[PDB]
Amino acid sequence: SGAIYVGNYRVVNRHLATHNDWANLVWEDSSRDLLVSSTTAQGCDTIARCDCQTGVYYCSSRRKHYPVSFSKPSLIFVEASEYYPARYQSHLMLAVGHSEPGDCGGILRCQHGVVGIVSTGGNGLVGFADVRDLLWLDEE
Ligand SMILES: Cn1nc(C(N)=O)c2ccccc21
Ligand SMILES: [Zn+2]
């Protein structure tokens, strides 16, 4: 579980989005597992714009922030989980590290701020959904 609070926008895993998220929707994408909803207050998190392939993510199923090297945002295949079956997901960066399904929402961060959130993985791999290619999050 976890969200990005960038201004009056809550960024969540689409598969973990609440009735309130859909009742106050902005943008969503099934192939990216990303949903942005509206908020009644500006947030405490800033977004990264960069091509960094290193940072740190929160792994809830360890209560640890792990340093990680991670791929650039691109197309990958995922295996069956509690939410989705074995499918492909886009704009998804991968790294070596522990992730279960419940680790989704945990933030990934580089020097430039928030890179994205846990969304995918398996077999000592963790997959992050990129929010760096969503520049509109900073404004409006
Ligand atoms: C981080 N993570 N997200 C999923 C998913 N949404 O299917 C997954 C599945 C297996 C292992 C790790 C995983
Ligand atoms: Zn950075």
# chains A, B, ... in the order shown; residues from 1 in each chain; ligands from 1

$ select_by_dssp --residues "chain A" --states "helix (DSSP H, G or I)" --output "ChimeraX atom specification"
/A:14-16,19-23,101-103,135-138

$ residues_around --residues "residue 44 of chain A" --least-positions-apart "3" --cutoff "9 Å" --atoms "only C-alpha atoms" --output "list in words"
residues 4, 5, 6 and 7 of chain A

$ select_by_dssp --residues "chain A" --states "strand (DSSP E)" --output "count of residues only"
64

$ residues_near_ligand --ligand "ligand 1" --cutoff "10 Å" --atoms "only C-alpha atoms and all ligand atoms" --output "number ranges by chain"
A: 13-16, 33, 59, 78-87, 89, 94, 97-106, 117-129

$ residues_near_ligand --ligand "ligand 2" --cutoff "8 Å" --atoms "only C-alpha atoms and all ligand atoms" --output "list in words"
residues 48, 49, 50, 51, 52, 55, 109, 110, 111, 112, 113, 114 and 115 of chain A

$ closest_residue --among "A:11, A:137, A:96, A:35" --to "residue 54 of chain A" --atoms "only C-alpha atoms"
A:96

$ atom_distance --atom1 "atom CA of residue 56 of chain A" --atom2 "atom CA of residue 71 of chain A"
13.4 Å

$ decode --residues "segment 105-132 of chain A" --atoms "N, CA, C and O atoms" --output "PDB file, in the first residue's frame"
ATOM      1  N   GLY A 105       2.987   0.472  -3.947  1.00  0.00           N
ATOM      2  CA  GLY A 105       2.779   1.799  -3.333  1.00  0.00           C
ATOM      3  C   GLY A 105       4.045   2.355  -2.706  1.00  0.00           C
ATOM      4  O   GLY A 105       4.164   3.596  -2.628  1.00  0.00           O
ATOM      5  N   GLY A 106       4.957   1.489  -2.249  1.00  0.00           N
ATOM      6  CA  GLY A 106       6.246   1.919  -1.675  1.00  0.00           C
ATOM      7  C   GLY A 106       6.980   2.824  -2.650  1.00  0.00           C
ATOM      8  O   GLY A 106       6.992   2.522  -3.853  1.00  0.00           O
ATOM      9  N   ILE A 107       7.531   3.932  -2.175  1.00  0.00           N
ATOM     10  CA  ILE A 107       8.101   4.948  -3.091  1.00  0.00           C
ATOM     11  C   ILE A 107       9.518   4.571  -3.470  1.00  0.00           C
ATOM     12  O   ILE A 107      10.275   4.091  -2.607  1.00  0.00           O
ATOM     13  N   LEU A 108       9.870   4.916  -4.707  1.00  0.00           N
ATOM     14  CA  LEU A 108      11.276   4.870  -5.160  1.00  0.00           C
ATOM     15  C   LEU A 108      11.777   6.293  -5.388  1.00  0.00           C
ATOM     16  O   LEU A 108      11.096   6.998  -6.080  1.00  0.00           O
ATOM     17  N   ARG A 109      12.964   6.658  -4.884  1.00  0.00           N
ATOM     18  CA  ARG A 109      13.458   8.062  -4.909  1.00  0.00           C
ATOM     19  C   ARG A 109      14.944   8.096  -5.288  1.00  0.00           C
ATOM     20  O   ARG A 109      15.659   7.210  -4.872  1.00  0.00           O
ATOM     21  N   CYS A 110      15.327   9.088  -6.109  1.00  0.00           N
ATOM     22  CA  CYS A 110      16.723   9.455  -6.460  1.00  0.00           C
ATOM     23  C   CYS A 110      16.971  10.863  -5.920  1.00  0.00           C
ATOM     24  O   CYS A 110      16.043  11.421  -5.305  1.00  0.00           O
ATOM     25  N   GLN A 111      18.134  11.453  -6.202  1.00  0.00           N
ATOM     26  CA  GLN A 111      18.504  12.809  -5.715  1.00  0.00           C
ATOM     27  C   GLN A 111      17.448  13.839  -6.174  1.00  0.00           C
ATOM     28  O   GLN A 111      17.198  14.785  -5.419  1.00  0.00           O
ATOM     29  N   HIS A 112      16.781  13.617  -7.310  1.00  0.00           N
ATOM     30  CA  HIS A 112      15.855  14.599  -7.941  1.00  0.00           C
ATOM     31  C   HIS A 112      14.431  14.471  -7.370  1.00  0.00           C
ATOM     32  O   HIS A 112      13.545  15.191  -7.886  1.00  0.00           O
ATOM     33  N   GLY A 113      14.196  13.606  -6.366  1.00  0.00           N
ATOM     34  CA  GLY A 113      12.870  13.388  -5.739  1.00  0.00           C
ATOM     35  C   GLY A 113      12.306  11.981  -5.949  1.00  0.00           C
ATOM     36  O   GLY A 113      13.095  11.023  -5.939  1.00  0.00           O
ATOM     37  N   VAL A 114      10.978  11.862  -6.121  1.00  0.00           N
ATOM     38  CA  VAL A 114      10.231  10.587  -6.331  1.00  0.00           C
ATOM     39  C   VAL A 114      10.317  10.146  -7.805  1.00  0.00           C
ATOM     40  O   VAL A 114       9.927  10.922  -8.709  1.00  0.00           O
ATOM     41  N   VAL A 115      10.814   8.923  -8.032  1.00  0.00           N
ATOM     42  CA  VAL A 115      11.020   8.274  -9.361  1.00  0.00           C
ATOM     43  C   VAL A 115       9.753   7.490  -9.736  1.00  0.00           C
ATOM     44  O   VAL A 115       9.248   7.646 -10.848  1.00  0.00           O
ATOM     45  N   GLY A 116       9.276   6.621  -8.851  1.00  0.00           N
ATOM     46  CA  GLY A 116       7.913   6.073  -8.954  1.00  0.00           C
ATOM     47  C   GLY A 116       7.566   5.190  -7.764  1.00  0.00           C
ATOM     48  O   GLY A 116       7.917   5.544  -6.609  1.00  0.00           O
ATOM     49  N   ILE A 117       6.782   4.150  -8.005  1.00  0.00           N
ATOM     50  CA  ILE A 117       6.173   3.370  -6.895  1.00  0.00           C
ATOM     51  C   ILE A 117       6.219   1.913  -7.304  1.00  0.00           C
ATOM     52  O   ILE A 117       6.088   1.612  -8.511  1.00  0.00           O
ATOM     53  N   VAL A 118       6.368   1.021  -6.324  1.00  0.00           N
ATOM     54  CA  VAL A 118       6.355  -0.456  -6.539  1.00  0.00           C
ATOM     55  C   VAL A 118       5.026  -0.822  -7.206  1.00  0.00           C
ATOM     56  O   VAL A 118       3.984  -0.312  -6.756  1.00  0.00           O
ATOM     57  N   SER A 119       5.063  -1.653  -8.251  1.00  0.00           N
ATOM     58  CA  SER A 119       3.877  -2.037  -9.065  1.00  0.00           C
ATOM     59  C   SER A 119       3.942  -3.504  -9.516  1.00  0.00           C
ATOM     60  O   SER A 119       2.869  -4.113  -9.661  1.00  0.00           O
ATOM     61  N   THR A 120       5.145  -4.057  -9.708  1.00  0.00           N
ATOM     62  CA  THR A 120       5.383  -5.350 -10.407  1.00  0.00           C
ATOM     63  C   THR A 120       6.634  -6.007  -9.809  1.00  0.00           C
ATOM     64  O   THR A 120       7.341  -5.320  -9.049  1.00  0.00           O
ATOM     65  N   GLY A 121       6.863  -7.295 -10.093  1.00  0.00           N
ATOM     66  CA  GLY A 121       8.106  -8.009  -9.734  1.00  0.00           C
ATOM     67  C   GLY A 121       7.902  -9.509  -9.613  1.00  0.00           C
ATOM     68  O   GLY A 121       6.897 -10.019 -10.155  1.00  0.00           O
ATOM     69  N   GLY A 122       8.821 -10.183  -8.914  1.00  0.00           N
ATOM     70  CA  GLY A 122       8.799 -11.639  -8.669  1.00  0.00           C
ATOM     71  C   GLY A 122      10.140 -12.281  -8.984  1.00  0.00           C
ATOM     72  O   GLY A 122      10.759 -11.888  -9.997  1.00  0.00           O
ATOM     73  N   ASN A 123      10.569 -13.232  -8.147  1.00  0.00           N
ATOM     74  CA  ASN A 123      11.820 -14.021  -8.316  1.00  0.00           C
ATOM     75  C   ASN A 123      13.024 -13.122  -8.010  1.00  0.00           C
ATOM     76  O   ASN A 123      13.967 -13.087  -8.827  1.00  0.00           O
ATOM     77  N   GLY A 124      12.994 -12.433  -6.865  1.00  0.00           N
ATOM     78  CA  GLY A 124      14.056 -11.509  -6.425  1.00  0.00           C
ATOM     79  C   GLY A 124      14.151 -10.291  -7.327  1.00  0.00           C
ATOM     80  O   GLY A 124      15.258  -9.732  -7.449  1.00  0.00           O
ATOM     81  N   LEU A 125      13.029  -9.908  -7.948  1.00  0.00           N
ATOM     82  CA  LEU A 125      12.884  -8.680  -8.769  1.00  0.00           C
ATOM     83  C   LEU A 125      11.741  -7.840  -8.191  1.00  0.00           C
ATOM     84  O   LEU A 125      10.771  -8.431  -7.672  1.00  0.00           O
ATOM     85  N   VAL A 126      11.873  -6.515  -8.290  1.00  0.00           N
ATOM     86  CA  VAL A 126      10.838  -5.532  -7.879  1.00  0.00           C
ATOM     87  C   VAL A 126      10.699  -4.584  -9.069  1.00  0.00           C
ATOM     88  O   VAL A 126      11.742  -4.206  -9.665  1.00  0.00           O
ATOM     89  N   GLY A 127       9.454  -4.276  -9.432  1.00  0.00           N
ATOM     90  CA  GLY A 127       9.105  -3.411 -10.568  1.00  0.00           C
ATOM     91  C   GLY A 127       8.448  -2.137 -10.071  1.00  0.00           C
ATOM     92  O   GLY A 127       7.540  -2.226  -9.222  1.00  0.00           O
ATOM     93  N   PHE A 128       8.925  -1.003 -10.568  1.00  0.00           N
ATOM     94  CA  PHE A 128       8.437   0.342 -10.188  1.00  0.00           C
ATOM     95  C   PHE A 128       7.708   0.943 -11.388  1.00  0.00           C
ATOM     96  O   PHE A 128       8.215   0.820 -12.512  1.00  0.00           O
ATOM     97  N   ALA A 129       6.571   1.597 -11.162  1.00  0.00           N
ATOM     98  CA  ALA A 129       5.842   2.348 -12.207  1.00  0.00           C
ATOM     99  C   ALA A 129       6.419   3.765 -12.274  1.00  0.00           C
ATOM    100  O   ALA A 129       6.466   4.457 -11.234  1.00  0.00           O
ATOM    101  N   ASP A 130       6.937   4.146 -13.441  1.00  0.00           N
ATOM    102  CA  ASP A 130       7.582   5.461 -13.672  1.00  0.00           C
ATOM    103  C   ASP A 130       6.518   6.561 -13.590  1.00  0.00           C
ATOM    104  O   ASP A 130       5.437   6.386 -14.195  1.00  0.00           O
ATOM    105  N   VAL A 131       6.782   7.637 -12.854  1.00  0.00           N
ATOM    106  CA  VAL A 131       5.921   8.860 -12.873  1.00  0.00           C
ATOM    107  C   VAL A 131       6.733  10.088 -13.330  1.00  0.00           C
ATOM    108  O   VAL A 131       6.232  11.221 -13.205  1.00  0.00           O
ATOM    109  N   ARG A 132       7.945   9.865 -13.847  1.00  0.00           N
ATOM    110  CA  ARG A 132       8.861  10.931 -14.334  1.00  0.00           C
ATOM    111  C   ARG A 132       8.374  11.436 -15.700  1.00  0.00           C
ATOM    112  O   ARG A 132       8.590  12.624 -15.991  1.00  0.00           O
TER     113      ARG A 132
END
